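One structure below.
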Amino acid sequence: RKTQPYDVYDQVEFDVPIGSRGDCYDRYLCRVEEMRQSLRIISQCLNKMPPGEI
Amino acid sequence: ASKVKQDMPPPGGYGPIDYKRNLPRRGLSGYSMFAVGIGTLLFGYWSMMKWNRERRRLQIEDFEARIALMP
């Protein structure tokens, strides 16, 4: 979504979680933080929905 | 001549949405917990000391009753 964006992913702001140890705990933390960033993106999308055809 | 009606956000915008981690401290200090633990231990030691001394005296009395009855 950051390196090769598609649709309108270049118009939203969010952070990418990055691990340090390459283990299961780091991936669990990454997924939790990804849920938080998804909430962030959802708020931006809700406030920026344009009109027009579908 | 009907105007366009469509599902849109309210004028202005939506209220802010929280997303950051919220994990409060909600605790005491280690010194306080250790102090309470040691205080409880000392109170228990004192109570049990008195109770066990009384129990020793009661056992001595029972043994004296047995000694008086033995012949």
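Going through the structure tokens in order, the chains are called A, B, and so on, while each chain numbers its residues from 1 and the ligands are numbered from 1 in the order shown.
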
Need the shell around residue 20 of chain A: protein/DNA/RNA residues with any atom at most 12 Å away, counting only C-alpha atoms. Skip same-chain ones fewer than 6 positions apart. Format as a list in words?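 Everything that qualifies: residues 26, 27, 29 and 30 of chain A.
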
Find the residues in chain A near chain B: any atom within 12 Å counts, using only C-alpha atoms. Write them as an MDAnalysis selection string. chainID A and resid 14:15 29 32:54

Requested write-out: C-alpha atoms of the selected residues, as a CSV table (one decimal), in the first residue's frame:
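Result file part_4.csv:
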chain,number,residue,atom,x,y,z
A,14,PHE,CA,-0.8,5.5,8.2
A,15,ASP,CA,2.2,3.9,9.8
A,29,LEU,CA,2.5,-6.9,17.9
A,32,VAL,CA,-2.3,-5.4,16.7
A,33,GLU,CA,-0.7,-2.2,15.4
A,34,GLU,CA,-2.0,-2.9,11.9
A,35,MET,CA,-5.5,-3.1,13.4
A,36,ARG,CA,-5.0,0.3,15.0
A,37,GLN,CA,-3.7,1.7,11.7
A,38,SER,CA,-6.7,0.2,9.9
A,39,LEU,CA,-8.9,2.2,12.3
A,40,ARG,CA,-6.9,5.3,11.4
A,41,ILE,CA,-7.4,4.6,7.6
A,42,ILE,CA,-11.2,4.0,8.2
A,43,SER,CA,-11.6,7.3,9.9
A,44,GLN,CA,-9.8,9.1,7.1
A,45,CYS,CA,-12.0,7.2,4.5
A,46,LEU,CA,-15.2,8.1,6.4
A,47,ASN,CA,-14.4,11.8,6.5
A,48,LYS,CA,-13.4,11.9,2.8
A,49,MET,CA,-16.1,10.0,1.0
A,50,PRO,CA,-16.9,11.9,-2.2
A,51,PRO,CA,-20.1,11.9,-4.2
A,52,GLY,CA,-20.6,10.5,-7.7
A,53,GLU,CA,-21.5,7.2,-9.4
A,54,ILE,CA,-20.4,3.8,-8.2

Provide the atom CA of residue 19 of chain A to atom CA of residue 1 of chain A distance in Å, to one decimal place. 18.0 Å

DSSP helix (DSSP H, G or I) residues within chain A, listed as a PyMOL selection string: chain A and resi 9-11+24-47

Mind writing the picked residues with N, CA, C and O atoms as a short mmCIF file (atom, residue, chain, number, x, y, z; two decimals), in the first residue's frame?
data_model
loop_
_atom_site.label_atom_id
_atom_site.label_comp_id
_atom_site.auth_asym_id
_atom_site.auth_seq_id
_atom_site.Cartn_x
_atom_site.Cartn_y
_atom_site.Cartn_z
N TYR A 9 -5.05 4.62 -2.06
CA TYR A 9 -4.20 4.38 -0.90
C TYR A 9 -3.08 5.41 -0.76
O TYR A 9 -2.46 5.47 0.30
N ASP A 10 -2.81 6.20 -1.80
CA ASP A 10 -1.82 7.25 -1.68
C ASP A 10 -2.37 8.53 -1.06
O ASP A 10 -1.61 9.47 -0.83
N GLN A 11 -3.67 8.58 -0.79
CA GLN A 11 -4.30 9.74 -0.18
C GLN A 11 -4.66 9.53 1.28
O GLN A 11 -5.33 10.38 1.87
N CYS A 24 7.32 -14.91 16.77
CA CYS A 24 5.87 -14.85 16.81
C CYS A 24 5.36 -13.65 17.59
O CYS A 24 4.33 -13.06 17.22
N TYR A 25 6.05 -13.27 18.67
CA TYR A 25 5.61 -12.14 19.47
C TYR A 25 5.64 -10.84 18.67
O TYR A 25 4.71 -10.03 18.75
N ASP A 26 6.70 -10.64 17.87
CA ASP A 26 6.79 -9.43 17.07
C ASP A 26 5.69 -9.38 16.02
O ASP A 26 5.12 -8.32 15.77
N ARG A 27 5.37 -10.52 15.41
CA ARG A 27 4.30 -10.55 14.42
C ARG A 27 2.94 -10.29 15.06
O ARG A 27 2.08 -9.64 14.47
N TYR A 28 2.73 -10.79 16.28
CA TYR A 28 1.49 -10.49 17.00
C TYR A 28 1.37 -8.99 17.27
O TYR A 28 0.30 -8.39 17.07
N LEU A 29 2.46 -8.37 17.72
CA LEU A 29 2.46 -6.93 17.93
C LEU A 29 2.19 -6.18 16.63
O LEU A 29 1.46 -5.18 16.61
N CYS A 30 2.80 -6.65 15.54
CA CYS A 30 2.60 -6.02 14.24
C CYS A 30 1.14 -6.08 13.82
O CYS A 30 0.60 -5.11 13.29
N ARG A 31 0.48 -7.22 14.05
CA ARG A 31 -0.92 -7.34 13.66
C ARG A 31 -1.82 -6.45 14.51
O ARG A 31 -2.78 -5.85 14.00
N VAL A 32 -1.53 -6.34 15.81
CA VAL A 32 -2.32 -5.44 16.66
C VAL A 32 -2.17 -3.99 16.19
O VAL A 32 -3.16 -3.25 16.04
N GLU A 33 -0.93 -3.58 15.92
CA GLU A 33 -0.71 -2.22 15.45
C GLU A 33 -1.32 -2.00 14.06
O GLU A 33 -1.76 -0.89 13.75
N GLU A 34 -1.36 -3.04 13.23
CA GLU A 34 -2.03 -2.93 11.94
C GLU A 34 -3.53 -2.73 12.11
O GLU A 34 -4.15 -2.01 11.33
N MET A 35 -4.13 -3.38 13.11
CA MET A 35 -5.53 -3.11 13.40
C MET A 35 -5.74 -1.64 13.79
O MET A 35 -6.70 -1.00 13.34
N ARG A 36 -4.85 -1.10 14.62
CA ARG A 36 -4.95 0.31 14.98
C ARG A 36 -4.81 1.22 13.76
O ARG A 36 -5.58 2.18 13.58
N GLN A 37 -3.85 0.92 12.88
CA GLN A 37 -3.67 1.72 11.68
C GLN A 37 -4.85 1.58 10.72
O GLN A 37 -5.18 2.53 10.01
N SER A 38 -5.49 0.41 10.69
CA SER A 38 -6.70 0.24 9.90
C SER A 38 -7.83 1.11 10.43
O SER A 38 -8.61 1.67 9.66
N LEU A 39 -7.94 1.23 11.76
CA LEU A 39 -8.90 2.17 12.33
C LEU A 39 -8.60 3.59 11.86
O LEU A 39 -9.52 4.35 11.52
N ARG A 40 -7.33 3.96 11.85
CA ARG A 40 -6.91 5.28 11.36
C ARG A 40 -7.36 5.50 9.91
O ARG A 40 -7.95 6.54 9.57
N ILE A 41 -7.09 4.52 9.05
CA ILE A 41 -7.45 4.64 7.64
C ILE A 41 -8.96 4.71 7.47
O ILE A 41 -9.47 5.43 6.61
N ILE A 42 -9.70 3.95 8.29
CA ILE A 42 -11.15 3.96 8.20
C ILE A 42 -11.70 5.33 8.57
O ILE A 42 -12.63 5.83 7.93
N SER A 43 -11.14 5.96 9.60
CA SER A 43 -11.58 7.31 9.95
C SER A 43 -11.32 8.27 8.80
O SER A 43 -12.21 9.07 8.43
N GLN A 44 -10.14 8.20 8.19
CA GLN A 44 -9.84 9.07 7.06
C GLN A 44 -10.81 8.83 5.90
O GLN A 44 -11.27 9.78 5.26
N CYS A 45 -11.11 7.56 5.62
CA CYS A 45 -12.04 7.24 4.53
C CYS A 45 -13.44 7.74 4.82
O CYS A 45 -14.13 8.24 3.92
N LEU A 46 -13.90 7.60 6.07
CA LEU A 46 -15.23 8.06 6.43
C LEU A 46 -15.35 9.57 6.26
O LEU A 46 -16.37 10.07 5.78
N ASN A 47 -14.31 10.31 6.64
CA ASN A 47 -14.40 11.76 6.53
C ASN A 47 -14.18 12.28 5.11
O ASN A 47 -14.41 13.46 4.86
#
